[PDB]
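Asks: Mind looking over this structure? Questions follow.
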Amino acid sequence: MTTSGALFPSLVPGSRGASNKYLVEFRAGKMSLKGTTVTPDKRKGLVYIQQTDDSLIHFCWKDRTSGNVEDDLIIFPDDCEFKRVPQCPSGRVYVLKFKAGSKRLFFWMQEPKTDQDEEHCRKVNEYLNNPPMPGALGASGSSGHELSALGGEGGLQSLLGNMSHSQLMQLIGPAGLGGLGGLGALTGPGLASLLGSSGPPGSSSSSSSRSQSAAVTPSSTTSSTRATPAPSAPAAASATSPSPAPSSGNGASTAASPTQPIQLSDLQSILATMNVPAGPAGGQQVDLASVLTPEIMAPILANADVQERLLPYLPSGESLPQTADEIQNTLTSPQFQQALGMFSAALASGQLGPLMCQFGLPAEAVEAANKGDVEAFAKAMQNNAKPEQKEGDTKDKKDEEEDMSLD
């Protein structure tokens with residue numbers, strides 16, 4: 001014997017008395033590449049945020065169709081930023097941008113009430129900014145250097161030595177530059193620190209040595225002004241709340257809105273070479289497939305003269321359709337965007353031009369196609385997407401025939 005047989009304290013207790021599992025949890029889904037085309041993954045999902053035992057932020061997305069974990073990442077302090085997409089009409093689409101790597105995961109909120117929209121964003125982005133007091137960050141005071149940081153070549157120099165005897169002459173320019181940028185900076189003011197750089201009154205100097213205020217006296221006496229002052233109050237025109245409207249960017253719409261990328265043109269180019277199933281010389285290739293849709297492009301891309309310009313410019317890893325009853329009926333999306341993008345490259349060069357004349361496309365598109373104006377070609381085919389009028393059936397103005405009616 002050792003004890004009794006009336007044992008009870010050998011079944012373990014639980015918790016649920018302020019012992020939370022997660023830092024943040026909310027209903028949201030995401031978008032994914034289905035090839036070159038991005039599509040929403042229209043499952044019910046959950047995003048959640050948790051802390052690691054190393055004291056970093058663990059971010060996770062899970063399914064609610066069966067309940068599976070689908071994606072998870074440990075994120076370092078400041079390494080990501082979560083923001084709402086401004087191009088969204090409702091506001092429910094969001095983006096987690098990774099500042100290292102240039103990766104963007106586009107999310108979409110599946111919470112019904114939009115009253116919590118900014119509240120979830122704030123809670124997420126505060127944990128990405130401020131971690132729950134880690135000690136695993138490291139230290140650097142007078143050490144912390146990598147002696148190579150891997151291999152594969154670096155671009156810190158163009159050549160290690162340049163072979164040039166004639167290297168004494170400087171590059172000649174059309175004007176030059178002076179000392180702008182070497183102004184001296186702030187050294188630490190005391191006499192005007194936060195004052196605004198103003199000086200003392202000018203009423204204290206009253207010597208009266210000169211009193212010149214006019215020289216418009218060629219006849220000497222010209223004192224025709226008897227007793228009529230002119231204060232001259234408005235020295236300049238100004239407004240407290242100006243609001244432009246004529247706003248032009250070289251055209252009254254063309255670049256009048258802000259279209260400048262935040263380095264995104266270079267970042268999307270390297271991503272297209274590294275992992276994204278896109279083209280680095282493209283972007284427009286993916287968009288024009290929504291404008292020049294399969295119904296119009298079916299007999300065009302089914303012609304051999306177009307295929308013989310697409311096929312040799314193909315980068316390998318794709319095989320386009322060859323007949324119109326494939327293109328009009330049997331498609332996904334990426335294959336058509338690849339076809340549209342190789343088409344637009346040959347069109348923009350001008351050499352595809354002659355075929356548009358042979359197919360029988362609109363005269364404004366046929367003109368644009370032979371120049372290489374893909375923007376005007378797309379606009380012409382979008383505006384003239386109709387037959388010989390469709391905005392009323394009353395274009396049938398027959399007024400009888402008497403046989404002798406053909407001349």
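Ligands are numbered from 1 in the order shown, residues from 1 within each chain, and chains are lettered A, B, ... in the order they appear in the structure tokens.
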If you count only C-alpha atoms, which residues fall within 8 Å of region 25-32 of chain A, apart from same-chain ones fewer than 2 positions away, as number ranges by chain?

Replies: A: 22-23, 34, 38-49, 105-111, 120

Asks: Can you pull out every residue from region 196-394 of chain A that DSSP, working from the backbone, puts in alpha helix (DSSP H), and format the result as an NGL selection string?

Replies: :A and (264-274 or 284-287 or 294-301 or 304-310 or 324-327 or 334-349 or 354-359 or 363-371 or 374-383)

Asks: Quote the spacing between CA of residue 316 (chain A) and CA of residue 336 (chain A) in Å to one decimal place.

Replies: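 Calculated distance between CA of residue 316 (chain A) and CA of residue 336 (chain A) is 15.3 Å.
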
Asks: If we count only C-alpha atoms and set the cut-off at 8 Å, which residues sit around residue 98 (chain A), ignoring sequence neighbours fewer than 4 positions away in its own chain? Please answer as a list in words.

Replies: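 Neighbouring residues, sequence-local ones excluded: residues 79, 80, 81, 102, 103 and 104 of chain A.
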
Asks: Grab the residues selected above and save them as a PDB file, in the first residue's frame with C-alpha atoms.

Replies:
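Done, and the output landed in again-v5.pdb:
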```pdb
ATOM      1  CA  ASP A  79       8.488  44.752 -41.241  1.00  0.00           C
ATOM      2  CA  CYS A  80       4.826  44.927 -42.447  1.00  0.00           C
ATOM      3  CA  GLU A  81       2.132  47.660 -42.635  1.00  0.00           C
ATOM      4  CA  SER A 102       7.957  44.202 -51.700  1.00  0.00           C
ATOM      5  CA  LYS A 103       5.266  41.464 -51.225  1.00  0.00           C
ATOM      6  CA  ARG A 104       1.594  42.584 -50.934  1.00  0.00           C
TER       7      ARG A 104
END
```

Asks: Hey, what's within 12 Å of residue 258 (chain A) if we count only C-alpha atoms and toss same-chain stuff fewer than 4 positions away? As a VMD selection string, please?

Replies: chain A and resid 247 to 249 253 to 254 262

Asks: So that I have them on file, write out the residues from the current selection with N, CA and C atoms, as a compact mmCIF listing (two decimals), in the first residue's frame.

Replies:
```
# COMPACT_ATOMS: atom_id res chain seq x y z
N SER A 247 -7.04 71.96 -64.01
CA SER A 247 -5.97 70.99 -63.76
C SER A 247 -5.70 70.02 -64.92
N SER A 248 -4.54 70.18 -65.57
CA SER A 248 -4.09 69.46 -66.75
C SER A 248 -2.67 68.92 -66.50
N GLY A 249 -2.33 67.78 -67.09
CA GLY A 249 -1.04 67.09 -66.95
C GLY A 249 -0.35 66.86 -68.30
N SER A 253 -7.10 65.53 -68.68
CA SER A 253 -7.37 64.32 -67.91
C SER A 253 -6.10 63.46 -67.81
N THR A 254 -5.35 63.35 -68.92
CA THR A 254 -4.09 62.64 -69.07
C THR A 254 -3.03 63.17 -68.08
N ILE A 262 5.25 54.42 -56.13
CA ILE A 262 6.13 54.55 -54.97
C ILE A 262 7.23 53.47 -55.10
```

Asks: At what distance in Å, to one decimal, does CA of residue 278 (chain A) lie from CA of residue 312 (chain A)?

Replies: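 Interatomic distance, CA of residue 312 (chain A) to CA of residue 278 (chain A): 17.8 Å.
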
Asks: Tell me, as a PyMOL selection string, which residues lie within 12 Å of residue 337 (chain A), counting only C-alpha atoms; anything in the same chain fewer than 5 positions away does not count.

Replies: chain A and resi 35-38+277-279+282-294+297+318+320+327+331-332+342-344

Asks: Using only C-alpha atoms, tabulate the residues of region 260-315 of chain A lying at most 10 Å from any atom of region 347-356 of chain A, each with its closest atom pair and that distance in Å to one decimal, by chain and increasing residue number, as a tab-separated table.

Replies:
```
residue	atom	partner	partner_atom	distance
A:300	CA	A:356	CA	8.7
A:303	CA	A:355	CA	9.6
A:305	CA	A:355	CA	7.7
A:306	CA	A:352	CA	7.5
A:309	CA	A:352	CA	8.0
```

Asks: Rounded to one decimal place, report the CA of residue 298 (chain A)-CA of residue 390 (chain A) distance in Å.

Replies: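 Separating CA of residue 298 (chain A) from CA of residue 390 (chain A) is a distance of 21.9 Å.
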
Asks: Excluding residue 74 (chain A) and its own-chain neighbours fewer than 5 positions away, which residues fall within 9 Å of it when counting only C-alpha atoms? Please give them as a PyMOL selection string.

Replies: chain A and resi 51-52+56-60
